[PDB]
Structures are given as structure tokens and as C-alpha cells.
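**Student:** Contents of upload-v3.pdb (PDB, C-alpha atoms (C1' of nucleotides)) are given next:
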```pdb
ATOM      1  CA  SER A   4     196.686-134.540   6.650  1.00  0.00           C
ATOM      2  CA  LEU A   5     195.350-133.984   3.114  1.00  0.00           C
ATOM      3  CA  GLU A   6     196.606-137.367   1.897  1.00  0.00           C
ATOM      4  CA  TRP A   7     194.499-139.676  -0.262  1.00  0.00           C
ATOM      5  CA  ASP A   8     195.845-142.816   1.420  1.00  0.00           C
ATOM      6  CA  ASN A   9     194.647-141.929   4.937  1.00  0.00           C
ATOM      7  CA  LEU A  10     191.001-141.204   4.123  1.00  0.00           C
ATOM      8  CA  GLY A  11     188.214-142.974   5.964  1.00  0.00           C
ATOM      9  CA  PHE A  12     186.845-145.337   3.333  1.00  0.00           C
ATOM     10  CA  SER A  13     189.840-146.301   1.129  1.00  0.00           C
ATOM     11  CA  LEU A  14     188.856-144.983  -2.317  1.00  0.00           C
ATOM     12  CA  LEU A  15     188.620-147.448  -5.201  1.00  0.00           C
ATOM     13  CA  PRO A  16     191.881-148.345  -6.985  1.00  0.00           C
ATOM     14  CA  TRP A  17     190.777-147.048 -10.389  1.00  0.00           C
ATOM     15  CA  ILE A  18     189.519-143.767  -8.916  1.00  0.00           C
ATOM     16  CA  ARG A  19     192.879-143.466  -7.151  1.00  0.00           C
ATOM     17  CA  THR A  20     194.695-144.194 -10.424  1.00  0.00           C
ATOM     18  CA  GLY A  21     192.667-141.532 -12.227  1.00  0.00           C
ATOM     19  CA  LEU A  22     193.406-139.043  -9.451  1.00  0.00           C
ATOM     20  CA  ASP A  23     197.131-139.800  -9.595  1.00  0.00           C
ATOM     21  CA  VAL A  24     197.281-139.440 -13.386  1.00  0.00           C
ATOM     22  CA  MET A  25     195.343-136.170 -13.169  1.00  0.00           C
ATOM     23  CA  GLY A  26     197.397-135.250 -10.105  1.00  0.00           C
ATOM     24  CA  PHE A  27     196.337-132.382  -7.809  1.00  0.00           C
ATOM     25  CA  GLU A  28     199.319-133.553  -5.691  1.00  0.00           C
ATOM     26  CA  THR A  29     196.948-133.836  -2.700  1.00  0.00           C
ATOM     27  CA  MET A  30     193.280-133.477  -1.717  1.00  0.00           C
ATOM     28  CA  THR A  31     191.871-130.017  -1.078  1.00  0.00           C
ATOM     29  CA  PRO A  32     190.020-129.187   2.164  1.00  0.00           C
ATOM     30  CA  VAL A  33     186.713-129.278   0.268  1.00  0.00           C
ATOM     31  CA  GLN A  34     187.455-132.745  -1.086  1.00  0.00           C
ATOM     32  CA  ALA A  35     188.816-133.761   2.318  1.00  0.00           C
ATOM     33  CA  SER A  36     185.657-132.738   4.195  1.00  0.00           C
ATOM     34  CA  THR A  37     182.979-133.574   1.593  1.00  0.00           C
ATOM     35  CA  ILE A  38     183.951-136.945   0.096  1.00  0.00           C
ATOM     36  CA  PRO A  39     183.921-138.862   3.431  1.00  0.00           C
ATOM     37  CA  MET A  40     180.399-137.641   4.255  1.00  0.00           C
ATOM     38  CA  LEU A  41     178.648-137.459   0.873  1.00  0.00           C
ATOM     39  CA  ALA A  42     179.387-141.190   0.507  1.00  0.00           C
ATOM     40  CA  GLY A  43     178.475-141.871   4.141  1.00  0.00           C
ATOM     41  CA  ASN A  44     174.696-141.450   4.407  1.00  0.00           C
ATOM     42  CA  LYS A  45     174.777-137.660   4.786  1.00  0.00           C
ATOM     43  CA  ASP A  46     173.412-134.940   2.550  1.00  0.00           C
ATOM     44  CA  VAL A  47     175.892-132.173   1.823  1.00  0.00           C
ATOM     45  CA  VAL A  48     175.635-128.373   1.594  1.00  0.00           C
ATOM     46  CA  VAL A  49     178.998-127.005   0.443  1.00  0.00           C
ATOM     47  CA  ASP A  50     180.114-123.387   0.110  1.00  0.00           C
ATOM     48  CA  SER A  51     183.605-122.971  -1.317  1.00  0.00           C
ATOM     49  CA  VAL A  52     185.651-120.591  -3.432  1.00  0.00           C
ATOM     50  CA  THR A  53     185.877-120.989  -7.198  1.00  0.00           C
ATOM     51  CA  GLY A  54     188.367-123.549  -8.474  1.00  0.00           C
ATOM     52  CA  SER A  55     188.917-125.373  -5.168  1.00  0.00           C
ATOM     53  CA  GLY A  56     188.361-128.924  -6.393  1.00  0.00           C
ATOM     54  CA  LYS A  57     184.586-128.807  -5.932  1.00  0.00           C
ATOM     55  CA  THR A  58     183.762-130.656  -9.163  1.00  0.00           C
ATOM     56  CA  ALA A  59     185.910-133.645  -8.247  1.00  0.00           C
ATOM     57  CA  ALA A  60     184.575-133.280  -4.699  1.00  0.00           C
ATOM     58  CA  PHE A  61     181.091-134.193  -5.921  1.00  0.00           C
ATOM     59  CA  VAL A  62     182.183-136.484  -8.774  1.00  0.00           C
ATOM     60  CA  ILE A  63     184.260-138.976  -6.745  1.00  0.00           C
ATOM     61  CA  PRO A  64     181.437-139.741  -4.243  1.00  0.00           C
ATOM     62  CA  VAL A  65     179.042-140.191  -7.179  1.00  0.00           C
ATOM     63  CA  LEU A  66     181.223-142.926  -8.677  1.00  0.00           C
ATOM     64  CA  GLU A  67     181.787-144.453  -5.235  1.00  0.00           C
ATOM     65  CA  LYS A  68     178.025-144.657  -4.634  1.00  0.00           C
ATOM     66  CA  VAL A  69     177.459-146.043  -8.141  1.00  0.00           C
ATOM     67  CA  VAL A  70     179.908-148.881  -7.523  1.00  0.00           C
ATOM     68  CA  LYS A  71     178.705-149.409  -3.943  1.00  0.00           C
ATOM     69  CA  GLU A  72     175.011-149.876  -4.796  1.00  0.00           C
ATOM     70  CA  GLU A  73     175.837-152.417  -7.546  1.00  0.00           C
ATOM     71  CA  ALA A  74     174.777-150.034 -10.304  1.00  0.00           C
ATOM     72  CA  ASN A  75     177.531-151.283 -12.648  1.00  0.00           C
ATOM     73  CA  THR A  76     176.170-154.833 -12.926  1.00  0.00           C
ATOM     74  CA  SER A  77     173.892-156.953 -15.084  1.00  0.00           C
ATOM     75  CA  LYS A  78     171.285-156.836 -12.294  1.00  0.00           C
ATOM     76  CA  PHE A  79     170.683-153.141 -13.052  1.00  0.00           C
ATOM     77  CA  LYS A  80     167.464-152.566 -14.963  1.00  0.00           C
ATOM     78  CA  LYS A  81     166.799-150.858 -18.294  1.00  0.00           C
ATOM     79  CA  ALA A  82     165.403-147.320 -18.614  1.00  0.00           C
ATOM     80  CA  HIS A  83     166.707-146.624 -15.094  1.00  0.00           C
ATOM     81  CA  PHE A  84     169.470-144.339 -13.865  1.00  0.00           C
ATOM     82  CA  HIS A  85     171.408-143.941 -10.626  1.00  0.00           C
ATOM     83  CA  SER A  86     172.717-140.385 -10.232  1.00  0.00           C
ATOM     84  CA  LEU A  87     171.619-136.994 -11.544  1.00  0.00           C
ATOM     85  CA  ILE A  88     173.637-133.767 -11.810  1.00  0.00           C
ATOM     86  CA  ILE A  89     172.049-130.378 -12.510  1.00  0.00           C
ATOM     87  CA  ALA A  90     173.701-127.075 -13.467  1.00  0.00           C
ATOM     88  CA  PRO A  91     172.089-123.761 -14.449  1.00  0.00           C
ATOM     89  CA  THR A  92     173.859-123.370 -17.819  1.00  0.00           C
ATOM     90  CA  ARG A  93     174.669-125.694 -20.699  1.00  0.00           C
ATOM     91  CA  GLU A  94     178.430-125.041 -20.730  1.00  0.00           C
ATOM     92  CA  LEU A  95     178.755-125.795 -17.017  1.00  0.00           C
ATOM     93  CA  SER A  96     176.951-129.125 -17.434  1.00  0.00           C
ATOM     94  CA  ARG A  97     179.096-130.018 -20.451  1.00  0.00           C
ATOM     95  CA  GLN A  98     182.223-129.191 -18.425  1.00  0.00           C
ATOM     96  CA  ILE A  99     181.004-131.391 -15.559  1.00  0.00           C
ATOM     97  CA  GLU A 100     180.422-134.185 -18.073  1.00  0.00           C
ATOM     98  CA  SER A 101     183.947-133.714 -19.434  1.00  0.00           C
ATOM     99  CA  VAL A 102     185.337-134.036 -15.900  1.00  0.00           C
ATOM    100  CA  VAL A 103     183.334-137.232 -15.358  1.00  0.00           C
ATOM    101  CA  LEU A 104     184.586-138.627 -18.675  1.00  0.00           C
ATOM    102  CA  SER A 105     188.165-137.797 -17.683  1.00  0.00           C
ATOM    103  CA  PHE A 106     187.694-139.703 -14.428  1.00  0.00           C
ATOM    104  CA  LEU A 107     186.119-142.662 -16.270  1.00  0.00           C
ATOM    105  CA  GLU A 108     189.011-142.778 -18.766  1.00  0.00           C
ATOM    106  CA  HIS A 109     190.905-145.093 -16.414  1.00  0.00           C
ATOM    107  CA  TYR A 110     187.876-147.263 -15.663  1.00  0.00           C
ATOM    108  CA  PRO A 111     189.005-150.901 -16.004  1.00  0.00           C
ATOM    109  CA  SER A 112     187.712-153.184 -18.733  1.00  0.00           C
ATOM    110  CA  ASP A 113     186.362-156.743 -18.280  1.00  0.00           C
ATOM    111  CA  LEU A 114     183.451-155.364 -16.223  1.00  0.00           C
ATOM    112  CA  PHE A 115     180.039-153.869 -16.874  1.00  0.00           C
ATOM    113  CA  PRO A 116     180.791-150.300 -18.007  1.00  0.00           C
ATOM    114  CA  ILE A 117     179.769-147.081 -16.280  1.00  0.00           C
ATOM    115  CA  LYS A 118     178.597-144.343 -18.652  1.00  0.00           C
ATOM    116  CA  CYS A 119     177.195-140.820 -18.520  1.00  0.00           C
ATOM    117  CA  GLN A 120     174.735-138.892 -20.665  1.00  0.00           C
ATOM    118  CA  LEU A 121     174.446-135.126 -21.153  1.00  0.00           C
ATOM    119  CA  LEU A 122     170.920-133.698 -21.511  1.00  0.00           C
ATOM    120  CA  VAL A 123     171.065-130.079 -22.685  1.00  0.00           C
ATOM    121  CA  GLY A 124     168.868-128.079 -25.010  1.00  0.00           C
ATOM    122  CA  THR A 125     170.431-128.432 -28.444  1.00  0.00           C
ATOM    123  CA  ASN A 126     169.351-128.047 -32.051  1.00  0.00           C
ATOM    124  CA  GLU A 127     171.312-131.177 -33.040  1.00  0.00           C
ATOM    125  CA  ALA A 128     169.316-133.702 -30.989  1.00  0.00           C
ATOM    126  CA  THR A 129     165.648-133.831 -30.044  1.00  0.00           C
ATOM    127  CA  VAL A 130     164.493-135.278 -26.738  1.00  0.00           C
ATOM    128  CA  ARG A 131     163.490-138.472 -28.560  1.00  0.00           C
ATOM    129  CA  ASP A 132     167.080-139.023 -29.708  1.00  0.00           C
ATOM    130  CA  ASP A 133     168.093-138.593 -26.068  1.00  0.00           C
ATOM    131  CA  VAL A 134     165.552-141.235 -25.037  1.00  0.00           C
ATOM    132  CA  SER A 135     166.670-143.581 -27.821  1.00  0.00           C
ATOM    133  CA  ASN A 136     170.359-143.517 -26.946  1.00  0.00           C
ATOM    134  CA  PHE A 137     169.542-143.584 -23.223  1.00  0.00           C
ATOM    135  CA  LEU A 138     167.705-146.858 -23.827  1.00  0.00           C
ATOM    136  CA  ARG A 139     170.436-148.236 -26.091  1.00  0.00           C
ATOM    137  CA  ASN A 140     173.537-147.256 -24.100  1.00  0.00           C
ATOM    138  CA  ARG A 141     172.071-147.626 -20.572  1.00  0.00           C
ATOM    139  CA  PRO A 142     174.087-145.058 -18.577  1.00  0.00           C
ATOM    140  CA  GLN A 143     174.039-144.626 -14.818  1.00  0.00           C
ATOM    141  CA  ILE A 144     174.926-140.903 -14.682  1.00  0.00           C
ATOM    142  CA  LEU A 145     172.792-138.079 -16.076  1.00  0.00           C
ATOM    143  CA  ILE A 146     174.152-134.526 -16.347  1.00  0.00           C
ATOM    144  CA  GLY A 147     172.156-131.615 -17.668  1.00  0.00           C
ATOM    145  CA  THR A 148     170.293-128.339 -17.406  1.00  0.00           C
ATOM    146  CA  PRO A 149     166.873-128.172 -15.705  1.00  0.00           C
ATOM    147  CA  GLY A 150     164.779-127.703 -18.856  1.00  0.00           C
ATOM    148  CA  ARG A 151     166.015-130.604 -20.954  1.00  0.00           C
ATOM    149  CA  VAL A 152     166.320-132.968 -17.991  1.00  0.00           C
TER
ATOM    150  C1'   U B   1      91.641-132.163   3.368  1.00  0.00           C
ATOM    151  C1'   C B   2      93.832-130.791  -2.145  1.00  0.00           C
ATOM    152  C1'   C B   3      95.054-126.735  -6.283  1.00  0.00           C
ATOM    153  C1'   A B   4      96.257-121.365  -6.138  1.00  0.00           C
ATOM    154  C1'   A B   5      97.793-115.468 -11.747  1.00  0.00           C
ATOM    155  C1'   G B   6      99.523-110.460 -11.984  1.00  0.00           C
ATOM    156  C1'   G B   7     100.509-105.229 -10.430  1.00  0.00           C
ATOM    157  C1'   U B   8     101.206-101.718  -6.528  1.00  0.00           C
ATOM    158  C1'   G B   9     102.844-101.516  -2.185  1.00  0.00           C
ATOM    159  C1'   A B  10     108.765-100.495  -2.581  1.00  0.00           C
ATOM    160  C1'   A B  11     107.500-102.564   5.868  1.00  0.00           C
ATOM    161  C1'   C B  12     103.484-109.587   6.852  1.00  0.00           C
ATOM    162  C1'   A B  13      99.651-105.967   5.666  1.00  0.00           C
ATOM    163  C1'   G B  14      96.047-103.299   2.870  1.00  0.00           C
ATOM    164  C1'   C B  15      94.354-101.659  -2.498  1.00  0.00           C
ATOM    165  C1'   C B  16      93.373-103.038  -7.769  1.00  0.00           C
ATOM    166  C1'   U B  17      92.696-106.465 -11.631  1.00  0.00           C
ATOM    167  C1'   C B  18      93.116-111.498 -15.189  1.00  0.00           C
ATOM    168  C1'   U B  19      90.621-116.797 -15.486  1.00  0.00           C
ATOM    169  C1'   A B  20      86.148-118.370 -12.958  1.00  0.00           C
ATOM    170  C1'   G B  21      81.787-117.239 -10.309  1.00  0.00           C
ATOM    171  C1'   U B  22      77.844-113.627  -8.249  1.00  0.00           C
ATOM    172  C1'   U B  23      73.939-109.405  -8.359  1.00  0.00           C
ATOM    173  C1'   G B  24      71.599-113.330  -3.024  1.00  0.00           C
ATOM    174  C1'   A B  25      69.075-110.591   1.212  1.00  0.00           C
ATOM    175  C1'   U B  26      60.157-108.201   0.683  1.00  0.00           C
ATOM    176  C1'   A B  27      59.720-103.358  -2.320  1.00  0.00           C
ATOM    177  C1'   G B  28      58.024 -97.808  -2.880  1.00  0.00           C
ATOM    178  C1'   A B  29      57.752 -92.820  -0.700  1.00  0.00           C
ATOM    179  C1'   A B  30      59.046 -89.261   2.668  1.00  0.00           C
ATOM    180  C1'   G B  31      81.805 -89.943  13.090  1.00  0.00           C
ATOM    181  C1'   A B  32      83.475 -84.833  12.173  1.00  0.00           C
ATOM    182  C1'   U B  33      83.859 -79.449  12.875  1.00  0.00           C
ATOM    183  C1'   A B  34      83.588 -75.006  15.787  1.00  0.00           C
ATOM    184  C1'   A B  35      85.416 -67.955  18.119  1.00  0.00           C
ATOM    185  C1'   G B  36      87.601 -66.831  23.572  1.00  0.00           C
ATOM    186  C1'   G B  37      89.003 -69.521  27.952  1.00  0.00           C
ATOM    187  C1'   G B  38      91.784 -74.390  28.688  1.00  0.00           C
ATOM    188  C1'   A B  39      89.655 -79.527  33.516  1.00  0.00           C
ATOM    189  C1'   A B  40      86.862 -73.804  35.845  1.00  0.00           C
ATOM    190  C1'   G B  41      83.192 -80.544  34.740  1.00  0.00           C
ATOM    191  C1'   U B  42      83.207 -85.012  37.506  1.00  0.00           C
ATOM    192  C1'   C B  43      84.151 -88.719  43.750  1.00  0.00           C
ATOM    193  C1'   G B  44      87.944 -89.294  40.307  1.00  0.00           C
ATOM    194  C1'   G B  45      90.755 -86.009  32.823  1.00  0.00           C
ATOM    195  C1'   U B  46     111.204 -92.702   1.191  1.00  0.00           C
ATOM    196  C1'   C B  47     112.576 -87.744  -1.610  1.00  0.00           C
ATOM    197  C1'   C B  48     116.242 -82.597  -4.517  1.00  0.00           C
ATOM    198  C1'   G B  49     122.776 -81.137  -5.315  1.00  0.00           C
ATOM    199  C1'   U B  50     127.807 -83.999  -4.661  1.00  0.00           C
ATOM    200  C1'   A B  51     131.803 -87.135  -5.152  1.00  0.00           C
ATOM    201  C1'   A B  52     134.631 -91.689  -5.154  1.00  0.00           C
ATOM    202  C1'   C B  53     133.542 -96.581  -6.089  1.00  0.00           C
ATOM    203  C1'   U B  54     130.979-100.703  -7.998  1.00  0.00           C
ATOM    204  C1'   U B  55     129.419-106.951 -12.168  1.00  0.00           C
ATOM    205  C1'   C B  56     130.905-111.396 -15.260  1.00  0.00           C
ATOM    206  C1'   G B  57     134.608-113.793 -18.447  1.00  0.00           C
ATOM    207  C1'   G B  58     139.107-113.916 -21.308  1.00  0.00           C
ATOM    208  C1'   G B  59     143.382-112.742 -20.817  1.00  0.00           C
ATOM    209  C1'   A B  60     150.038-113.936 -18.532  1.00  0.00           C
ATOM    210  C1'   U B  61     154.459-111.332 -19.712  1.00  0.00           C
ATOM    211  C1'   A B  62     155.929-102.788 -18.591  1.00  0.00           C
ATOM    212  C1'   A B  63     151.920 -99.726 -20.984  1.00  0.00           C
ATOM    213  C1'   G B  64     147.493 -99.538 -24.206  1.00  0.00           C
ATOM    214  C1'   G B  65     146.453 -93.198 -28.761  1.00  0.00           C
ATOM    215  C1'   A B  66     151.134 -93.913 -29.721  1.00  0.00           C
ATOM    216  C1'   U B  67     157.551 -93.677 -32.472  1.00  0.00           C
ATOM    217  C1'   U B  68     156.010-100.772 -29.471  1.00  0.00           C
ATOM    218  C1'   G B  69     160.653-102.530 -30.065  1.00  0.00           C
ATOM    219  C1'   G B  70     160.635-104.730 -23.522  1.00  0.00           C
ATOM    220  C1'   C B  71     165.523-108.366 -18.820  1.00  0.00           C
ATOM    221  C1'   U B  72     169.427-112.925 -17.455  1.00  0.00           C
ATOM    222  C1'   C B  73     169.661-118.270 -17.491  1.00  0.00           C
ATOM    223  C1'   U B  74     166.664-122.325 -18.659  1.00  0.00           C
ATOM    224  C1'   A B  75     162.851-128.413 -22.622  1.00  0.00           C
ATOM    225  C1'   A B  76     160.185-127.565 -27.920  1.00  0.00           C
ATOM    226  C1'   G B  77     158.765-122.774 -30.974  1.00  0.00           C
ATOM    227  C1'   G B  78     155.967-125.854 -38.801  1.00  0.00           C
ATOM    228  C1'   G B  79     158.781-128.717 -42.872  1.00  0.00           C
ATOM    229  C1'   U B  80     162.658-128.625 -46.386  1.00  0.00           C
ATOM    230  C1'   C B  81     166.751-126.778 -49.282  1.00  0.00           C
ATOM    231  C1'   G B  82     171.251-123.940 -50.317  1.00  0.00           C
ATOM    232  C1'   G B  83     178.378-122.213 -49.518  1.00  0.00           C
ATOM    233  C1'   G B  84     183.965-120.304 -52.946  1.00  0.00           C
ATOM    234  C1'   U B  85     188.554-120.495 -56.665  1.00  0.00           C
ATOM    235  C1'   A B  86     191.918-123.995 -59.213  1.00  0.00           C
ATOM    236  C1'   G B  87     193.783-128.892 -61.402  1.00  0.00           C
TER
END
```
How does this structure look as C-alpha cells?
**Tutor:**
Amino acid sequence: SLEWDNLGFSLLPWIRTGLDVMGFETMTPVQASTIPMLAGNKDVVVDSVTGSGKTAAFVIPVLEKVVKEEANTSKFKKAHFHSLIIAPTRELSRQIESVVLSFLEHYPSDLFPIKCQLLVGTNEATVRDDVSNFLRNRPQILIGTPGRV
RNA sequence: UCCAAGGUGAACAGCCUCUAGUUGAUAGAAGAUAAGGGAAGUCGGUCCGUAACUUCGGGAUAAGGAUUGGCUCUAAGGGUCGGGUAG
């Protein structure tokens, strides 16, 4: 069908709003076959061509799992995180973080926020600055390259 | 019943010596080989000449007499400072 409305688990309204504002006009086969299972107690091994909605295909289930496991609540502890994302290069991880930020643009207010932090090797921030703002801001998503993470 | 040196042997062994003990035992004099035959007998016969190898650590980074510079991505690689022309 490739329609967002007739998916198995009825995606969250703000994720749907973000998708509609971004568009895509539909859901790709990768996003149609991965999102229902990656949020449904199944590990996922996905091979797909470049630029086929893969990034959103693994970003939407991440946010769904974050909301599902009550990660965006006062009960969540300090110095803890929920989800990790790893990429082999710094630019790819920064691009993934930009996609996540674009999705979280339409996150509603009046609720405990969901944030992300990028951990890449940079000359503008030591690892101790990363630890300091991780403690202060308390994100639930970490995105970075293997060395700095 | 206790203690127990060294060197050769380079096969327990045997041989020689260091420390330590002996000179004790009546005294003096004056098995091996074989020519020829070969059981005819009797009851009974380790060291000289080659070649490859070969021990311990530390080392990382393709080498180690030469002109050393040596892959892609990926935490850190001592600290600090410093940017023009005009009003």
C-alpha cells in the first residue's frame, strides 16, 4: 500500500506531522518493511540502495522506542542514555544528527523534551566538554563515530 | 641409626685427590707367551671435511647501509599567542 495511515502500529501524531511537513509523499519499501519490525522486538539487517529513505527508516523507530519505553519522562535517570547511533565518518554522523533534529523540530512542548548529542572527534570540544553538557542537557539519543563515542 | 668435597669418566661403575685419619699385621737372608699342524686329546672341546639451522628480552607499524619520506576511515597527540585598508 505504501501509506502511512495503514501501518501496523499507528505512528505517533508528532512523528506523522514531521513526516507530512517533510513530505516524501509516501513511505518507501525500506521504511515500509523496516519500521514495523525494528519497533516490534526484532533486530534488523537492512541492505538497500543509496538515498532510499534509510535514514528515516532507522530514525522513526528510534523515536518510537524512546517514547514507548518512557525515556522522555522525569523517571529517567541522569548520566544515562537510551539509543546509540554509529557511523564510520564524522560527516555522516553529523548528517544523521541533522535528520534527527529535523524530525524533532515538530516535537510538542509542555512535555519532557527529547534531545540528541553528537560525539565526533573535534578540535573545538574535548571529551570532558562532551561529558559536561551530556550531564547538563540529559539527552536520550547519542550519535557519533566509533573513536569519540 | 645420623652427616657426606672436587675432578675424570663424558655409560650406575671404576680411577685420582682436598679436609680428616692411618703406616696396623714377628723380622732378616736366600697368569702370560710360543714355529708347523688345528680336537689328531678325552667317555664326552666417541673421533677428521661439509652445510643449513639454532637462545633470551625489547620492540608494533614495509625495509634496516641507504636518497626514509610509507595507505583509507576512526578518541587524545604539551601550553599559549598572533590577521588587512579607510573614516
**Student:** Which residues of chain A are close to chain B, meaning at most 9 Å apart when you count only C-alpha atoms (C1' of nucleotides), and how do they look as a list in words?
**Tutor:**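 For chain A, the answer reads residues 91, 92, 93, 123, 124, 129, 130, 148, 149, 150, 151 and 152 of chain A.
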**Student:** Name the residues in contact with residue 35 (chain A) at a cut-off of 10 Å, using all atoms listed in the file, excluding same-chain residues fewer than 5 positions from it; report them as a list in words.
**Tutor:** residues 4, 5, 6, 7, 10, 11, 29, 30, 40, 56 and 60 of chain A
**Student:** Could you expand the PyMOL selection byres ((chain A and resi 108) around 12) into the explicit residues it covers here, written as a list in words?
**Tutor:**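 That expression, the PyMOL selection byres ((chain A and resi 108) around 12), corresponds here to residues 17, 18, 20, 21, 22, 24, 25, 101, 102, 103, 104, 105, 106, 107, 109, 110, 111, 112, 116, 117, 118 and 119 of chain A.
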**Student:** Restricting it to C-alpha atoms, dump the selection as an mmCIF file, in the frame of the given file.
**Tutor:**
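Result saved to selection09.cif:
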```
data_model
loop_
_atom_site.group_PDB
_atom_site.id
_atom_site.type_symbol
_atom_site.label_atom_id
_atom_site.label_comp_id
_atom_site.auth_asym_id
_atom_site.auth_seq_id
_atom_site.Cartn_x
_atom_site.Cartn_y
_atom_site.Cartn_z
ATOM 1 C CA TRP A 17 190.777 -147.048 -10.389
ATOM 2 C CA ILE A 18 189.519 -143.767 -8.916
ATOM 3 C CA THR A 20 194.695 -144.194 -10.424
ATOM 4 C CA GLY A 21 192.667 -141.532 -12.227
ATOM 5 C CA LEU A 22 193.406 -139.043 -9.451
ATOM 6 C CA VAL A 24 197.281 -139.440 -13.386
ATOM 7 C CA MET A 25 195.343 -136.170 -13.169
ATOM 8 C CA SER A 101 183.947 -133.714 -19.434
ATOM 9 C CA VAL A 102 185.337 -134.036 -15.900
ATOM 10 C CA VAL A 103 183.334 -137.232 -15.358
ATOM 11 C CA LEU A 104 184.586 -138.627 -18.675
ATOM 12 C CA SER A 105 188.165 -137.797 -17.683
ATOM 13 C CA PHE A 106 187.694 -139.703 -14.428
ATOM 14 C CA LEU A 107 186.119 -142.662 -16.270
ATOM 15 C CA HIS A 109 190.905 -145.093 -16.414
ATOM 16 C CA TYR A 110 187.876 -147.263 -15.663
ATOM 17 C CA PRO A 111 189.005 -150.901 -16.004
ATOM 18 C CA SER A 112 187.712 -153.184 -18.733
ATOM 19 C CA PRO A 116 180.791 -150.300 -18.007
ATOM 20 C CA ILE A 117 179.769 -147.081 -16.280
ATOM 21 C CA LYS A 118 178.597 -144.343 -18.652
ATOM 22 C CA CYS A 119 177.195 -140.820 -18.520
#
```
**Student:** For region 1-6 of chain B, work out the shell of residues within 9 Å, counting all atoms listed in the file and skipping chain neighbours fewer than 3 positions away, then give it as a list in words.
**Tutor:**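 Using all atoms listed in the file, the neighbours found are residues 17, 18 and 19 of chain B.
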**Student:** When you draw a straight line from CA of residue 90 (chain A) to CA of residue 146 (chain A), how long is it in Å?
**Tutor:**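 Straight-line distance from CA of residue 90 (chain A) to CA of residue 146 (chain A) works out to 8.0 Å.
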**Student:** Can you list, as a list in words, the residues that the PyMOL selection byres ((chain A and resi 51) around 12) selects here?
**Tutor:**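 After applying the PyMOL selection byres ((chain A and resi 51) around 12), what remains is residues 31, 32, 33, 34, 36, 37, 48, 49, 50, 52, 53, 54, 55, 56, 57, 58 and 60 of chain A.
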**Student:** Mind giving me the straight-line distance from CA of residue 115 (chain A) to CA of residue 69 (chain A) in Å, one decimal?
**Tutor:** 12.0 Å
**Student:** Between CA of residue 131 (chain A) and CA of residue 83 (chain A), measure the distance and give it in Å to one decimal.
**Tutor:** 16.1 Å
